[PDB]
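Before any comments, here is the structure.
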Amino acid sequence: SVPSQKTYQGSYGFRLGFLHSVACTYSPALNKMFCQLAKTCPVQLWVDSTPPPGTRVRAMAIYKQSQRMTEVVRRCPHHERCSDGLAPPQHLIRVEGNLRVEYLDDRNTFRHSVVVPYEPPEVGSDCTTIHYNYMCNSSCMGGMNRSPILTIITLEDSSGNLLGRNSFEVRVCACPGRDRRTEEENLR
Ligand SMILES: [Zn+2]
Numbered sequence: 096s097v098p099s100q101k102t103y104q105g106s107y108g109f110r111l112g113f114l115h116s122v123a124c125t126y127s128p129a130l131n132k133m134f135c136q137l138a139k140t141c142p143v144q145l146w147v148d149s150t151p152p153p154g155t156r157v158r159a160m161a162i163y164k165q166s167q168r169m170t171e172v173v174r175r176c177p178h179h180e181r182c185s186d187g188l189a190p191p192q193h194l195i196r197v198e199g200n201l202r203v204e205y206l207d208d209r210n211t212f213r214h215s216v217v218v219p220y221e222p223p224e225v226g227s228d229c230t231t232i233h234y235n236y237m238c239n240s241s242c243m244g245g246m247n248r249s250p251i252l253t254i255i256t257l258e259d260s261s262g263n264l265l266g267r268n269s270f271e272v273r274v275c276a277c278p279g280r281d282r283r284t285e286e287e288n289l290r
């Protein structure tokens, strides 16, 4: 199967925002994050009303291209062998700066995902920020090998039921800023 990427703002009005970290930069035009391997990628959760406690936030990668859409995205054999003792070595996406990160493997599809409890916004902020880290380069042969991926962020209840969904393309690369410019120029 292929995980849905259909935007679903849902009853809480769930949207994503993005911040400069260049460790991490987001193109609204491309709906695409460009980021460096292992660096901080701040992703903002915006809601119109507050989800209940017990609400959870999952991140999962999938291949964008139809020829690989059913394939599990995971770290290349090299980077697998390179943890914090939290993230399983195979998992492409980690969360940093959170004591309650769950690393999950689907029973049926073998897809990886990383889940944290939903927290309402901190002081000074209208949104909740999660700091992801991507642990393998888009160009790694024997992994992504240049195939684009999407990260899907799902808001869920405690039983795993869908409350909201949004998604963004990701390229993990040496110079996010330069690569963003190159891809945005190919637009005009
Ligand atoms: Zn790699």
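Heads up: the sequence shown runs through residues 96 to 116, 122 to 182, 185 to 290, numbered per the deposited numbering. Yeah, the Cβ is synthetic: ideal placement off N, Cα and C, and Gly gets one too.
What does residue i pair with, by DSSP beta-bridge criteria?
{"i": "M133", "result": "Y126 and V272"}
{"i": "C141", "result": "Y234"}
{"i": "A161", "result": "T253"}
{"i": "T155", "result": "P153"}
{"i": "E171", "result": "Answer is none; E171 lacks a bridge partner."}
{"i": "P219", "result": "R156"}
{"i": "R110", "result": "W146"}
{"i": "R267", "result": "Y103 and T256"}
{"i": "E204", "result": "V217"}
{"i": "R196", "result": "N235"}
Using 7 angstroms as the cut-off, classify the Cβ of residue i as near or not near the heavy atoms of ligand 1, replying yes or no.
{"i": "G266", "result": "no"}
{"i": "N239", "result": "yes"}
{"i": "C277", "result": "no"}
{"i": "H214", "result": "no"}
{"i": "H193", "result": "no"}
{"i": "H233", "result": "no"}
{"i": "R209", "result": "no"}
{"i": "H179", "result": "yes"}
{"i": "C242", "result": "yes"}
Residue i: buried (16+ other C-beta within 10 angstroms of its C-beta) or exposed?
{"i": "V173", "result": "buried"}
{"i": "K101", "result": "exposed"}
{"i": "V216", "result": "buried"}
{"i": "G262", "result": "exposed"}
{"i": "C277", "result": "exposed"}
{"i": "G199", "result": "exposed"}
{"i": "residue 184", "result": "Since the numbering of the chain jumps from 182 to 185, residue 184 cannot be located in this structure."}
{"i": "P177", "result": "exposed"}
{"i": "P151", "result": "buried"}
{"i": "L145", "result": "buried"}
{"i": "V225", "result": "exposed"}
{"i": "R181", "result": "exposed"}
Please return the same chain residues whose Cβ sits closer than 8 angstroms to the Cβ of residue i, not counting the five positions on each side in sequence.
{"i": "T155", "result": "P219, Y220, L257, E258, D259, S260 and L265"}
{"i": "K164", "result": "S249, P250, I251, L252 and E271"}
{"i": "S240", "result": "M246, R248, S249, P250, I251, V272, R273, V274 and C275"}
{"i": "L111", "result": "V143, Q144, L145, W146, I255, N268 and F270"}
{"i": "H193", "result": "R174, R175, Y205, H214, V216 and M237"}
Excluding five sequence neighbours on each side, which residues of the same chain lie with their C-beta closer than 7 angstroms to the C-beta of residue i?
{"i": "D148", "result": "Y107 and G108"}
{"i": "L130", "result": "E271, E285 and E286"}
{"i": "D207", "result": "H214"}
Beta-carbon within less than 6 angstroms of residue i's beta-carbon, same chain only, minus the 5 sequence neighbours each way: which residues are those?
{"i": "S269", "result": "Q100, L252 and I254"}
{"i": "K139", "result": "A123"}
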